[PDB]
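Student: The file below is structure_15.txt, compact mmCIF, C-alpha atoms and all ligand atoms:
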```txt
# COMPACT_ATOMS: atom_id res chain seq x y z
CA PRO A 2 16.59 27.70 95.78
CA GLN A 3 17.67 24.69 93.65
CA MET A 4 15.52 21.73 92.50
CA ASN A 5 14.86 18.15 93.73
CA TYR A 6 16.82 15.62 91.65
CA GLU A 7 14.36 12.71 92.19
CA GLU A 8 11.41 14.94 91.08
CA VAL A 9 13.27 16.24 87.98
CA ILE A 10 14.69 12.78 86.92
CA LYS A 11 11.09 11.30 87.14
CA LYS A 12 10.14 13.96 84.46
CA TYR A 13 13.07 13.32 82.03
CA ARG A 14 13.77 9.56 82.50
CA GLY A 15 10.41 8.07 83.58
CA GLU A 16 10.68 4.25 83.69
CA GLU A 17 13.06 4.07 80.66
CA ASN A 18 16.23 1.97 81.34
CA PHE A 19 19.65 2.73 79.67
CA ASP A 20 23.10 1.33 78.64
CA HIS A 21 25.77 2.15 81.30
CA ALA A 22 28.53 1.20 78.83
CA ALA A 23 28.84 4.15 76.43
CA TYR A 24 27.12 7.48 75.80
CA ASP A 25 28.52 10.78 74.53
CA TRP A 26 26.74 14.13 74.06
CA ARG A 27 29.39 15.31 71.57
CA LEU A 28 27.74 12.90 69.08
CA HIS A 29 24.20 14.06 69.85
CA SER A 30 24.47 17.89 69.40
CA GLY A 31 25.03 18.38 73.15
CA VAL A 32 28.61 19.71 73.41
CA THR A 33 29.72 23.30 72.35
CA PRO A 34 33.41 24.04 71.28
CA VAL A 35 36.26 23.76 73.77
CA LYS A 36 37.40 27.17 75.14
CA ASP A 37 40.58 28.38 76.95
CA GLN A 38 41.33 30.19 80.28
CA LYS A 39 44.78 31.68 80.03
CA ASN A 40 46.59 32.82 83.26
CA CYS A 41 43.18 32.96 85.00
CA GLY A 42 41.31 30.87 87.69
CA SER A 43 37.89 31.31 86.00
CA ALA A 44 37.20 27.52 85.40
CA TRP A 45 33.99 27.99 87.46
CA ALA A 46 32.62 30.37 84.77
CA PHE A 47 33.70 28.14 81.82
CA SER A 48 32.24 24.95 83.43
CA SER A 49 28.86 26.60 84.33
CA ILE A 50 28.49 28.64 81.04
CA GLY A 51 29.30 25.54 78.95
CA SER A 52 26.49 23.62 80.73
CA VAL A 53 24.02 26.35 79.81
CA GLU A 54 25.32 26.37 76.16
CA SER A 55 24.72 22.57 76.16
CA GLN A 56 21.13 22.91 77.39
CA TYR A 57 20.33 25.39 74.56
CA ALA A 58 21.81 22.97 72.02
CA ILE A 59 19.94 19.97 73.56
CA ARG A 60 16.58 21.52 74.53
CA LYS A 61 16.30 24.28 71.92
CA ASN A 62 18.73 23.13 69.06
CA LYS A 63 20.21 26.65 69.44
CA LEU A 64 23.99 26.83 69.30
CA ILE A 65 24.85 29.76 71.40
CA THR A 66 28.28 30.55 72.85
CA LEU A 67 27.89 32.71 75.98
CA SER A 68 30.23 35.18 77.76
CA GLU A 69 32.40 33.76 80.55
CA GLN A 70 33.82 37.32 80.84
CA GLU A 71 30.38 38.67 81.83
CA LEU A 72 30.27 35.99 84.59
CA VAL A 73 33.91 36.79 85.65
CA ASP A 74 33.08 40.59 85.77
CA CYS A 75 29.48 40.61 86.97
CA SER A 76 29.13 37.43 89.20
CA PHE A 77 29.32 39.08 92.61
CA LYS A 78 29.13 35.82 94.74
CA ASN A 79 32.33 34.63 93.02
CA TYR A 80 35.88 35.99 92.65
CA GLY A 81 36.85 36.32 88.96
CA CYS A 82 40.36 34.84 88.13
CA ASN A 83 40.73 34.16 91.93
CA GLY A 84 38.18 31.31 91.97
CA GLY A 85 34.52 30.61 92.44
CA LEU A 86 31.70 28.10 92.92
CA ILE A 87 29.55 26.49 90.12
CA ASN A 88 26.26 26.93 92.17
CA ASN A 89 27.01 30.68 92.92
CA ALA A 90 27.63 31.16 89.20
CA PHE A 91 24.17 29.74 88.42
CA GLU A 92 22.59 31.89 91.19
CA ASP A 93 24.16 35.02 89.67
CA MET A 94 22.96 34.05 86.10
CA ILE A 95 19.39 34.06 87.39
CA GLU A 96 20.02 37.39 89.31
CA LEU A 97 21.67 39.05 86.23
CA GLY A 98 18.74 37.90 84.07
CA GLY A 99 20.98 35.84 81.83
CA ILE A 100 24.28 36.40 79.94
CA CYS A 101 25.32 38.15 76.65
CA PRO A 102 26.71 35.89 73.82
CA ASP A 103 30.55 35.96 73.84
CA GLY A 104 30.31 37.59 70.37
CA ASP A 105 29.03 40.77 72.19
CA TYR A 106 31.15 40.24 75.35
CA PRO A 107 34.48 38.48 74.49
CA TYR A 108 36.87 36.83 76.95
CA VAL A 109 39.93 38.95 77.84
CA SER A 110 41.11 36.58 80.74
CA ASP A 111 43.26 38.20 83.54
CA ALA A 112 43.17 41.55 81.62
CA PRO A 113 41.34 44.11 83.78
CA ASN A 114 37.72 44.54 82.65
CA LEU A 115 34.55 46.24 84.01
CA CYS A 116 31.11 44.71 84.30
CA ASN A 117 28.49 46.01 81.84
CA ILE A 118 25.24 44.04 81.73
CA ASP A 119 24.16 46.17 78.68
CA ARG A 120 26.67 44.92 76.07
CA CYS A 121 23.84 43.19 74.14
CA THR A 122 20.15 43.53 73.30
CA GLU A 123 19.29 39.83 73.95
CA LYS A 124 20.60 37.84 76.95
CA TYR A 125 20.42 34.04 77.43
CA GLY A 126 19.19 32.93 80.86
CA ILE A 127 18.29 29.91 83.00
CA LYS A 128 15.16 29.01 84.98
CA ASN A 129 17.05 27.17 87.81
CA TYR A 130 19.79 24.56 88.43
CA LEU A 131 19.85 21.10 90.04
CA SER A 132 22.40 19.35 92.34
CA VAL A 133 23.31 15.87 91.05
CA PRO A 134 23.94 13.16 93.71
CA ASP A 135 27.44 11.57 93.38
CA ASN A 136 25.79 8.13 92.74
CA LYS A 137 23.58 9.31 89.82
CA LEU A 138 26.16 10.86 87.45
CA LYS A 139 25.63 8.28 84.60
CA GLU A 140 21.77 8.56 84.84
CA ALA A 141 21.93 12.42 84.99
CA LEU A 142 24.25 12.56 81.95
CA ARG A 143 22.10 10.19 79.85
CA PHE A 144 18.66 11.81 80.59
CA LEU A 145 19.43 15.41 81.67
CA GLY A 146 22.67 16.27 79.81
CA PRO A 147 26.20 17.61 80.54
CA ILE A 148 27.01 18.45 84.20
CA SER A 149 29.24 21.22 85.73
CA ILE A 150 31.55 19.25 88.08
CA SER A 151 34.48 20.02 90.45
CA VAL A 152 37.68 18.01 90.28
CA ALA A 153 41.02 17.66 92.10
CA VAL A 154 43.77 18.27 89.52
CA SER A 155 47.44 17.23 89.94
CA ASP A 156 50.42 18.38 87.79
CA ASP A 157 50.15 14.98 85.98
CA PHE A 158 46.71 16.04 84.84
CA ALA A 159 48.27 19.04 82.99
CA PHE A 160 50.59 16.54 81.18
CA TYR A 161 47.66 14.38 79.96
CA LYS A 162 47.78 13.72 76.18
CA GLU A 163 45.41 10.80 75.33
CA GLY A 164 43.64 7.69 76.67
CA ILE A 165 42.39 7.27 80.25
CA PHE A 166 44.01 9.00 83.25
CA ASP A 167 44.30 7.45 86.73
CA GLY A 168 46.15 7.70 90.04
CA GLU A 169 47.37 11.29 89.86
CA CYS A 170 44.91 13.36 91.97
CA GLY A 171 45.11 16.80 93.54
CA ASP A 172 45.04 17.40 97.32
CA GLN A 173 41.68 19.33 97.14
CA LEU A 174 38.87 20.23 94.67
CA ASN A 175 40.49 22.99 92.70
CA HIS A 176 38.99 22.83 89.16
CA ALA A 177 35.61 23.19 87.41
CA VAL A 178 34.96 21.01 84.26
CA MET A 179 32.01 19.55 82.32
CA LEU A 180 31.04 15.94 82.36
CA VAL A 181 29.86 15.28 78.75
CA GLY A 182 29.50 11.50 78.78
CA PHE A 183 30.90 8.00 79.46
CA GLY A 184 32.43 5.16 77.41
CA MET A 185 34.08 1.73 77.36
CA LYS A 186 37.08 0.21 75.63
CA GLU A 187 37.84 -3.53 75.64
CA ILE A 188 41.64 -4.06 75.88
CA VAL A 189 43.43 -7.49 75.91
CA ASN A 190 46.04 -7.48 78.73
CA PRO A 191 49.61 -8.00 77.27
CA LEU A 192 50.46 -10.22 80.32
CA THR A 193 47.32 -12.34 81.02
CA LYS A 194 46.52 -12.24 77.21
CA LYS A 195 42.82 -11.78 78.25
CA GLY A 196 40.25 -9.12 77.29
CA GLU A 197 39.19 -6.51 79.89
CA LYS A 198 36.39 -3.89 79.87
CA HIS A 199 37.76 -0.40 80.68
CA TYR A 200 35.04 2.19 81.50
CA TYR A 201 35.64 5.95 81.54
CA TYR A 202 33.95 9.35 81.94
CA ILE A 203 34.32 11.87 79.14
CA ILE A 204 35.23 15.35 80.44
CA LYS A 205 35.31 18.75 78.66
CA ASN A 206 38.19 20.92 79.96
CA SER A 207 38.60 24.70 79.30
CA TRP A 208 42.38 24.57 78.56
CA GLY A 209 42.06 24.92 74.81
CA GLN A 210 41.85 22.36 72.02
CA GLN A 211 45.64 21.77 72.10
CA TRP A 212 45.24 20.09 75.53
CA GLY A 213 44.64 16.36 75.86
CA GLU A 214 42.27 14.81 73.33
CA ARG A 215 40.91 17.89 71.40
CA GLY A 216 40.46 19.69 74.80
CA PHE A 217 38.89 16.59 76.45
CA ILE A 218 40.02 13.97 78.99
CA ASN A 219 38.81 10.41 79.66
CA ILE A 220 38.83 9.41 83.39
CA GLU A 221 38.64 5.83 84.73
CA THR A 222 35.25 4.80 86.15
CA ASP A 223 33.37 1.47 86.57
CA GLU A 224 30.19 0.12 84.80
CA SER A 225 27.93 1.69 87.51
CA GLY A 226 29.67 5.08 87.30
CA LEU A 227 30.02 5.19 91.09
CA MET A 228 33.86 5.34 90.70
CA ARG A 229 34.70 9.07 90.80
CA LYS A 230 38.50 9.51 90.43
CA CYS A 231 40.02 12.79 91.85
CA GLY A 232 36.70 13.60 93.57
CA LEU A 233 35.10 14.27 90.18
CA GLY A 234 31.50 15.30 90.61
CA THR A 235 31.75 16.05 94.40
CA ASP A 236 30.05 19.27 93.26
CA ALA A 237 27.70 18.41 90.39
CA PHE A 238 25.20 20.98 89.03
CA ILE A 239 23.09 20.95 85.85
CA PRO A 240 21.19 24.14 84.70
CA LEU A 241 17.61 24.00 83.43
CA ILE A 242 16.40 26.46 80.83
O1 LIG J 1 44.88 28.42 85.44
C1 LIG J 1 45.70 27.57 85.73
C2 LIG J 1 46.70 27.12 84.74
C3 LIG J 1 46.46 26.02 84.03
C4 LIG J 1 47.42 25.58 83.01
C5 LIG J 1 47.47 26.31 81.80
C6 LIG J 1 48.36 25.94 80.78
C7 LIG J 1 49.19 24.85 81.04
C8 LIG J 1 49.12 24.13 82.21
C9 LIG J 1 48.23 24.47 83.25
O2 LIG J 1 50.04 23.11 82.15
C10 LIG J 1 50.76 23.20 80.90
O3 LIG J 1 50.14 24.31 80.22
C11 LIG J 1 45.68 27.00 87.11
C12 LIG J 1 44.89 25.88 87.44
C13 LIG J 1 44.93 25.40 88.75
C14 LIG J 1 45.71 26.08 89.72
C15 LIG J 1 46.47 27.22 89.39
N1 LIG J 1 47.25 27.90 90.36
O4 LIG J 1 48.46 28.04 90.21
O5 LIG J 1 46.65 28.47 91.50
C16 LIG J 1 46.44 27.67 88.07
```
Step by step, read the file and then write its structure as structure tokens.

Tutor:
Amino acid sequence: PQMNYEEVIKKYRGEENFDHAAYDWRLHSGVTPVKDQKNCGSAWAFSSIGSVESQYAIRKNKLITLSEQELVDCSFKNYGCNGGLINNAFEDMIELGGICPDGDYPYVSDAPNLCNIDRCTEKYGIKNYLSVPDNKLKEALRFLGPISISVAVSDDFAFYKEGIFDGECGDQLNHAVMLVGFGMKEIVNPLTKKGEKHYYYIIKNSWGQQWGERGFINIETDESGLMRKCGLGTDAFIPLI
């Protein structure tokens, strides 16, 4: 079973209020390096692993890079390079008794590979995972950390280079990414000649560092963070170590 969000957020937030404007885990030792999935539909493994890596960095100040390949090979609830679910991934991490660091189990993508849970002496596990309600993404980011989220990607998304992306959404939820924070940029309109506050979510994508902004993409949101473009965060899970 998963955990109750309201019971967990009471524990990590308390009564403490926060700034809805800008916050980014990359600046507070909460975001591990950007990785790549070449010719493989294993985003589900990159998105969930990365969230675990983040929790070790946040809760234990332990930078550990874990094996997506072990998840691709050994996650039996999911279909490696054919697609999977973030929650099933977390269920299988618990069942497997954790994952080997990617130093002991490297990523070989679509290349055929067999599952071997004994590639290392010490595995890195999780206690459980939590489902984040679509209206509490900004609060969950701020007090719990980076979230494994689903998103609907369009071909325009693959052509993203910099700034904030909007209005080019996929037909269905096809990709798994990590929500690493939120921000705001005040921009004076060239027409009205008046200043406007432009809020955005900061997302970590597993398409290498050559993609977008150092492997990251900023997506338009509002001050509240209720605005979820391309169904971002429809599926929102955060592991707890
Ligand atoms: O795994 C993918 C490829 C992503 C990708 C990699 C490099 C790129 C790119 C997209 O655009 C430019 O360079 C990918 C993602 C979503 C859907 C499908 N699919 O055809 O079923 C493949």

Student: Extract, using all atoms listed in the file, all DNA, RNA and protein residues at most 10 Å from stretch 14-18 of chain A, discarding same-chain residues fewer than 4 positions from it, and format them as a PyMOL selection string.

Tutor: chain A and resi 9-10+140-141+143-145

Student: Taking only C-alpha atoms and all ligand atoms into account, which of A:111, A:123, A:135, A:223 comes nearest ligand LIG 1 (chain J)?

Tutor: A:111

Student: Let me make sure I understand: among A:227, A:178, A:53, A:41, which one has the smallest atom-to-atom distance to ligand LIG 1 (chain J) if we use only C-alpha atoms and all ligand atoms?

Tutor: A:41

Student: Emit as JSON the padded axis-aligned box for all listed atoms of ligand LIG 1 (chain J), 6 Å per side, with centre and edge lengths in Å to one decimal.

Tutor:
```
{"center_x": 47.8, "center_y": 25.8, "center_z": 85.9, "size_x": 17.9, "size_y": 17.4, "size_z": 23.3}
```

Student: Using all atoms listed in the file, find each residue of chain A with at least one atom at most 10 Å away from an atom of ligand LIG 1 (chain J); report its shortest atom-to-atom pair and that distance in Å (one decimal), sort the rows by chain and rising residue number, and return the result as CSV.

Tutor:
```
residue,atom,partner,partner_atom,distance
A:37,CA,J:LIG1,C5,8.7
A:38,CA,J:LIG1,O1,6.5
A:39,CA,J:LIG1,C5,6.3
A:40,CA,J:LIG1,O1,5.2
A:41,CA,J:LIG1,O1,4.9
A:42,CA,J:LIG1,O1,4.9
A:43,CA,J:LIG1,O1,7.6
A:44,CA,J:LIG1,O1,7.7
A:82,CA,J:LIG1,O1,8.3
A:83,CA,J:LIG1,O5,8.2
A:84,CA,J:LIG1,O5,8.9
A:153,CA,J:LIG1,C13,9.3
A:154,CA,J:LIG1,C13,7.3
A:155,CA,J:LIG1,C13,8.6
A:156,CA,J:LIG1,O2,7.4
A:157,CA,J:LIG1,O2,9.0
A:158,CA,J:LIG1,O2,8.3
A:159,CA,J:LIG1,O2,4.5
A:160,CA,J:LIG1,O2,6.7
A:161,CA,J:LIG1,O2,9.3
A:171,CA,J:LIG1,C13,9.8
A:174,CA,J:LIG1,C13,9.9
A:175,CA,J:LIG1,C13,6.4
A:176,CA,J:LIG1,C13,6.5
A:177,CA,J:LIG1,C12,9.7
A:207,CA,J:LIG1,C3,9.3
A:208,CA,J:LIG1,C5,6.3
A:209,CA,J:LIG1,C6,8.7
A:211,CA,J:LIG1,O3,9.6
A:212,CA,J:LIG1,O3,8.0
```

Student: Grab the atom CA of residue A:173 to atom CA of residue A:87 distance for me, in Å with one decimal place.

Tutor: 15.7 Å

Student: For the atom pair atom CA of residue A:72 and atom CA of residue A:51, what is the interatomic distance in Å to one decimal place?

Tutor: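 About the pair atom CA of residue A:72 and atom CA of residue A:51: they are 11.9 Å apart.
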
Student: List as a list in words: which residues have an atom within 8 Å of (41.9, 7.5, 77.5), counting all atoms listed in the file?

Tutor: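 The distance filter leaves exactly residues 163, 164, 165, 166, 201, 218, 219 and 220 of chain A.
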
Student: As an exercise, work out the distance from atom CA of residue A:81 to atom CA of residue A:56 in Å and give it to one decimal place.

Tutor: 23.7 Å

Student: Fewer than 5 positions away in the same chain doesn't count, so skip those; otherwise give me all residues within 12 Å of stretch 97-106 of chain A, counting all atoms listed in the file, as a ChimeraX atom specification.

Tutor: /A:36,46-47,49-51,53-54,64-78,89-92,114-129,242
